[PDB]
Structures are given as C-alpha cells and as structure tokens.
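1. 3D model of this:
(2 chains)
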Amino acid sequence: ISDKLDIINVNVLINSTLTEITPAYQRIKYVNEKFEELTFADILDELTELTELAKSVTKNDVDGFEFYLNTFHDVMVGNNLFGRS
Amino acid sequence: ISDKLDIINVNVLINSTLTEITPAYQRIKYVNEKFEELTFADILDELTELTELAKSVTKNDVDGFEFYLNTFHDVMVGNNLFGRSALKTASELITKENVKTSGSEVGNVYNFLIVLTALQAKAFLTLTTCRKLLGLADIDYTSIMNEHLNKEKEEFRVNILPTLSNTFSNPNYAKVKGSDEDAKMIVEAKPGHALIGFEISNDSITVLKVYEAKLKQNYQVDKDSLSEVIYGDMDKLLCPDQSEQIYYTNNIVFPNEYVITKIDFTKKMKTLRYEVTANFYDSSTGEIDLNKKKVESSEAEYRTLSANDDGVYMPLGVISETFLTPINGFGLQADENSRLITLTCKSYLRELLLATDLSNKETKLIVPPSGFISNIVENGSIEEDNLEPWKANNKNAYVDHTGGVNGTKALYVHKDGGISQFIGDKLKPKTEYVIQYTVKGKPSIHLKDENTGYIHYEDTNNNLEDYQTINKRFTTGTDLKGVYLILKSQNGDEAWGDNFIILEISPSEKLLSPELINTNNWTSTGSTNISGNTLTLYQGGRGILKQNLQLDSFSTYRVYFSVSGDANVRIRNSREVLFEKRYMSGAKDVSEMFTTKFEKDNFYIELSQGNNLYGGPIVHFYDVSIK
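-> Numbers count the residues shown, from 1 in each chain, chains lettered A, B, ... in the order given. Here you go:
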C-alpha cells in the first residue's frame, strides 16, 4: 500500500507539471515539426502556407510563441507559483 | 483500501490524459457538430456564419485546427512529454469500471477507439469541406488522416489489445422466483447458423432473446441473416423458490475455429445442468460444417443455493459483445453468500479485429439491437406518423403526438372507432405468444378474428391514469389468417397507447425421464424371490439382487424405495460408487438423489443384506425405481 501511495504521489506531481507545461510543449512540438525542411538546412503553395505560419509565430502577443518558450523554460527551472520544477 | 488506491491511480492517470487532450477534443467536437449539414452530404445568414467559421478553421496559426488535430493524434499515440497514451489510460479505466457493462473489455476499448477515430476522420472531412467552401487549394488530408488512424490502430493492436479479456457476462440482476417443475430448455441455432448474443429482460415476465446469424470471413457476421428467437421459461429454470437449487458450474471453452450453436439446460431434480455444442467453422470461408464438439458441466464443481423465502438474483441485460460476434466459450457461475447467478460467454472479437480492421481491411460490425427484430406488429412503436400498417375505422382515434413513450406518436381512441392492424398471416396455431404494450387512460385491447367469435387476447377495464406497461402471454387457435389487433376505448371513455409488441416464444419441451428399471432384468443370486413388483431376500442365504443399468454421463437420477426390514442398497460401478446406504431397521419409504460423474459404464444396483446366523425372517423391497 505504501508503494502504491508513492506511485500515486509521483503521478499527482506529474499531473501538476503537465498542467503547467503541456500547452507550451505541444505548441513548440507542432511548430518544430511543421518547419523541419526550412530548419533542416506545390512550391508556392507550401511557401505561402508556411509564411502564414511564420507570421503567426513572430507575432508579438501575450500568447505568442516567445511566451510559450519563456513559460517552458520557467516550468523547466522551477519559476512557478509553487517552486516545483 | 488497495482497491481504492487502484481506482485513485487510474483516476490520476485519467486526469493527466485529460490535461493533455481535452482542448483539442472539445474544439474538434465543436467544429464537427457545427459543420454537420455541409459534411452530411436564413440561408445566407447561416452560410455567412459558416464561411466565417471556415475562415477561422483553415487559418494557419500556432493554435489552428490542424494544430489541435495533430496534438489529438500525438496524445492518442503517446508522443507526449512522458510516454503515456490516451488509449492506455482509457483501457485501464474501462477495465476498472466494467461493473454494469454489457460487452467485453476488447469490445469496450475498441468502441472507445472507434468513436475517437471517427471524431478525427470527421474533423479532417470538415476541414476539407471548409477549404472547398472558401475556395482555397486542396491539400488532400487523406494521407495524414490515414497515417494518424493507422498509427492509432497499431498502438491499440500492439500495446492495448494483448492485455484485454474477451469474456462478457450479464450486467444487471433481478430478484425472481421460479417453478421447480422439472424444466428444460434448448437454445439451438439453425444448422447453418451460430449464436452471437443473448438478452434477458424482466419487465413483468422474464424473457430470453437469443440472436442467430451466418458467418462470412474471419468470424464476421452476415447482416442479411440476423434472426431472433424468444424463450419464456427462463425464470422457471434459474430459480429455487421454495426448495433449494443446485448449479453445475463449469466454463466450457472450445478451441479456435469452433462456434457455439446449441445450449441445453436440463433441470431434473433441482439441479441445473447445461450442455453446449460447438460446430466447426472455417475461418477462410463462411460455412459452418457439421463437425460437432459437445461439452457438459463438469460434476466435481457444483454449487448449491439453499432454500430461502426471498427470490434469487437472476441475470438481466444484454449478454453480448459490444459487436455481435460468434461465441467461443460459455459458462454459468453461482454465488451463495449473495445468491447471484451470472452467465459468462467468451467471444472471437479479438480474432475478427486482428484479421480485418487492425490489418487495414474493411469491417461492418453490428451493434446489438435494443429492440425486438422478430416483432410481428409492424410499426409497433408507432414512430412513423403515417399509419400505413394500422388504420382507423371511423373519423376518430388518431395519432396523438403528445402521447406515447415520451418522444413518440401514440395511438388514441375516443368514441367507438378502434384502430386496427392486420397480423393474421404472420402467426401460428396453438403456439404460445407474448403481448406487450404501454397505455394511458381506460383502453381496451383485443386480438380478434373477423371470422368466428374467438377472442385470443382481451384486455379491458384498466383505469390507468398514468402510463402503464402491460405484458401477458396467450395462445392461438382458429382460422388465424383472419386475425388482427384492435385498440378501442372501454365503453365510451378515451385512452391512448404505444409500444405494441407481439413475440413468438419458442415452445418448451417437457423433460422426459426414462423408467430405466424393469422387473424383467433382476439378476438374482442365492435364496431370493421376485414376485410381480416385490423383491424378497431371505435371511440365512448369501443371496443378493444385482441389476445392470444404463446411465448418461453427467446426469442426475432419483431412486425410490419402500423397504421393510433390514436392507442395504448400493448403486455403484466396478471401481466407483454413486450411492450406498444400509437403512437398517427403518426403511419404510425413501427417495435419494445420485449423480453419475464421468463414467457411464457398467453401473449396477445391488440389493443385499449380509449376516451369518440370521435365518427365518426376510426383507422386502417395493417400488424400487430410478427416475
């Protein structure tokens, strides 16, 4: 029973870190997977479809890509409400 | 406490998967539900609103609809921060909360997978529809959709399916009491058919509803061959009521390529004993050959429910995989501490999946129908507003839409014009039938024949202020071809009903018990005399009355004696004994139950009494019989 309780507590802490980090993680993963060829270093179609994305990524907003990067770092280090990393 | 901890851990994992997947899920669900008509294949207003929506859907952003689709797939497969998959946690949950579930774990988890894959497919469909509606260039999302669905089904096949059970039991229970009147049942399928599901329902009378169908490929089912059968003596067979009951529990399991086709319950002397037959089925073709394997309930494991005034808990619900499939195993379990009875079958769904859908093939899985297919009263529920089957004689008694089982269209009657439906042909003579219907008011139902004044079923005088569901049984005996159902109002009042059902229950066979012993086969030795129907052993002689018998395999029998004097009786084999007793002085009358076990060979009854200097007196047997 004590072993089960240890596992449950670890899972609860994982739930907390997920609540904190999952949106930034998912958005970073999507943007990375959708800019592989360009960073790896129909044509006009893909170029326009990725230029729209680029515009959506460099946009300086409260919910911008830079916001998600900074929050990812803060949750990695432990700059949270409760000091968990 | 450990069980509670398991439940809590499963709930925590569900919380994690929710945190990961709930936004994409909600947005996909909303977009799908808001693009139904367009993908189903004020005007300008809705078109402009859906053009704005489409613009909001095809927009390439970090938080676009494609982003949510990709994240949904990634959380389904397990491409997360910590390598957990929504499918694994969903399977864990389902495996835990399978309390009142009708199907198996394989079926439930695969139904979860089906609903999610359908969500994703419809999401891609509405995405393409939006792109077309706006006028943009086709991106052909079929490749991405196929990749996602195939990877998800592969996740399920590899990491989920191997650890799921394929056994399904009955979900619910009901208190019931039945007659111990030597009942018998034979749930049998047509020679070229198989059993695929059962449904036990108890509204007012208990009824079993068995399905049958032909198979095609890899245990698939022929949708153009579904058939139903109804049985009524299911409560009389699984209930002790007054004087105890015995159940021979044993989980028959046949090898693969075999499909159950018959189940014979034989209730002889308060012992419930079922035998199952399984025909051979070729996985490649859809034909079931007449190569049969028969398995019975093993003797050594029987459980007895003692007599109790309260009724026992009999199964209730749909005993069937989430998708109709052949049955590979069958068993019955009984619990005395709770007086529970559970039917538990074992299906082939894993094989069908591994051979078809999980191989990127095609499948048409049939869901257990929640209504009687064999119903002979067309449009009984009266959902189609046009009463083409039914009809009204006089300008009254019409379709009251407000009436009926909540959201339906009931039949109504006011003055003297009754609504009638012709159902004379689709019947049989002297075969039992079950009628059922819900009604409100003061109705009057009659199954009447225009020719001859025979009145099969009649129901009158019922001040049902609220909706009440009547179920009765009856028989038929007349021309039949001129019989039809009629709904009028008692005297002159008004009333309306719905949910008309007339089922043809299969006839129940009476359990025959052979006499087994005849006076003409009494191998006697020593000083002993058989006079008509009496046996006499003389004291002082080393004589005995041995008689050979022929007993079935795992059957039960009852021996009746009326003895006077000191007697000993032993029903036994050469190496096993079924019964043995020396009643000593008192043996006026005695009935004794004895079983056979896995023997059925060289069984004999010995009437004997061994003593030395006892000479003169005699011992007498009367009415010695095995039944």
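2. hey, let's count contacts and neighbours off CA atoms from now on
-> OK.
3. flag every residue of chain A that's near chain B.
-> A:1, A:4-5, A:8, A:11-12, A:14-15, A:18-19, A:22, A:25-27, A:30-31, A:49-50, A:52-53, A:56-57, A:65 (Cα under 8 Å from any Cα of the partner chain).
4. now, of the residues you listed, which are buried?
-> Buried members of the residues of chain A next to chain B, scored by 16 or more other Cα atoms under 10 Å in any protein chain shown, are A:8, A:11-12, A:14-15, A:18, A:22, A:25-27, A:30-31, A:50, A:53, A:56-57, A:65.
5. and residue A:85, how far from residue A:27?
-> Residue A:85 is 20 Å from residue A:27, where distance means Cα to Cα, to the nearest Å.
6. what does residue A:61 give?
-> Residue A:61 sits at a distance of 15 Å from residue A:27 (criterion: Cα to Cα).
7. ditto for residue A:1
-> Relative to residue A:27, residue A:1 is positioned 38 Å away (Cα to Cα).
8. check residue A:59 too.
-> Between residue A:59 and residue A:27 the distance, using Cα to Cα, works out to 14 Å.
9. the helices in chain A, which residues?
-> With DSSP state H, the ranges of helices along chain A come out as A:2-33, A:36-40, A:43-58, A:65-77.
10. send the alpha carbons of the second one over as CSV?
-> In other words, helix A:36-40. This file holds the C-alpha atoms of helix A:36-40, laid out as CSV (Å, rounded to 0.1, in the frame of the first residue of the first chain):
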residue,chain,number,x,y,z
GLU,A,36,11.5,20.8,-40.5
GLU,A,37,12.6,21.3,-44.1
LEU,A,38,13.4,25.0,-43.7
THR,A,39,15.4,24.5,-40.5
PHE,A,40,16.8,21.2,-41.8
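11. which elements pack onto it?
-> Secondary structure elements in contact with helix A:36-40, counted by 3 or more Cα pairs under 8 Å, 6 or more residues apart in numbering or on different chains; DSSP states H and E, are absent; no helix or strand qualifies.
12. give me the buried positions along that helix.
-> Under the neighbour-count criterion of 16+ other Cα under 10 Å, helix A:36-40 has nothing buried.
13. quick one: residues contacting residue A:71.
-> The contact partners of residue A:71, taken as Cα atoms under 8 Å, 6 or more residues apart in numbering or on different chains, are A:21, A:24.
14. change it to 10 Å
-> A:20-21, A:23-25, A:65, A:77, A:79-80 (Cα atoms under 10 Å, 6 or more residues apart in numbering or on different chains).
15. swap in residue A:70?
-> Counting by Cα under 10 Å, 6+ apart, the residues that residue A:70 touches are A:24, A:76.
16. how close does it sit to chain B?
-> Distance of residue A:70 to chain B, computed by Cα to the nearest Cα, to the nearest Å: 16 Å.
17. surely residue A:66 meets residue A:31?
-> No: checked against Cα atoms under 10 Å, the pair residue A:66 and residue A:31 is beyond contact range at 11.9 Å.
18. what residues do the two have in common as contacts?
-> Residues within reach of residue A:66 and of residue A:31 at once, by Cα under 10 Å, 6+ apart, are residue A:57.
19. list the contacts of the residue nearest to residue A:25 when sequence neighbours are not counted.
-> For residue A:25, ignoring the flanking residues on the chain, the nearest one in space by Cα to Cα, 6 or more residues apart in numbering or on different chains is residue A:72 at 6.9 Å. Listed by Cα under 10 Å, 6+ apart, the contact partners of residue A:72 are A:20-25, A:28, A:66, A:78.
20. can you check residue A:22 too?
-> A:15, A:28, A:72, B:19-21, B:80-81.
21. swap in 7 Å and give it another go.
-> With contact set as Cα atoms under 7 Å, 6 or more residues apart in numbering or on different chains, residue A:22 has these partners: residue B:20.
22. check residue A:23 too.
-> With Cα under 7 Å, 6+ apart as the criterion, no residue contacts residue A:23.
23. check the one 5 residues further on too.
-> Going by Cα under 7 Å, 6+ apart, residue A:28 touches no other residue.
24. at 8 Å instead, please
-> Here residue A:28 is in contact with A:65, A:68-69 (criterion: Cα under 8 Å, 6+ apart).
25. of these, which is the nearest to chain B?
-> Each of those was scored against chain B by Cα to the nearest Cα, and residue A:65 proved nearest at 7.8 Å.
26. quick check: chain neighbours aside, which residue is closest to the closest one?
-> For residue A:65, ignoring the flanking residues on the chain, the nearest one in space by Cα to Cα, 6+ apart is residue A:57 at 5.5 Å.
27. hmm, the one you found is touching residue A:64, no?
-> Yes: under the criterion of Cα atoms under 8 Å, residue A:57 makes contact with residue A:64 at 6.6 Å.
28. can you give me how far stretch A:43-56 is from the chain middle?
-> Chain-centre distance of stretch A:43-56: 21 Å, with Cα atoms, centre = their mean, to the nearest Å.
29. what residues does that stretch touch?
-> Identification of contacts with stretch A:43-56 by Cα under 8 Å, 6+ apart yields A:35, B:60-62.
30. tell me the contacts of residue A:66?
-> For residue A:66, the contacting residues are residue A:60, taking Cα under 8 Å, 6+ apart as the criterion.
31. again, only this time at 10 Å
-> Contact partners of residue A:66, counting by Cα under 10 Å, 6+ apart, are A:24, A:28, A:57-60, A:72.
32. so who does residue A:69 touch?
-> By Cα under 10 Å, 6+ apart, the neighbours of residue A:69 are A:24-25, A:27-28.
33. and which of the residues you listed is nearest chain B?
-> Of all the contacts of residue A:69, the one sitting nearest chain B is residue A:27; the distance, using Cα to the nearest Cα, is 6.5 Å.
34. in space, what's closest to the closest one - neighbours in sequence excluded?
-> The spatially closest residue to residue A:27, leaving aside those adjacent along the chain, is residue B:62, at 6.5 Å (Cα to Cα, 6+ apart).
35. relative to chain B, how far out is residue A:81?
-> Using Cα to the nearest Cα, which is the criterion applied here, residue A:81 is 18 Å from chain B.
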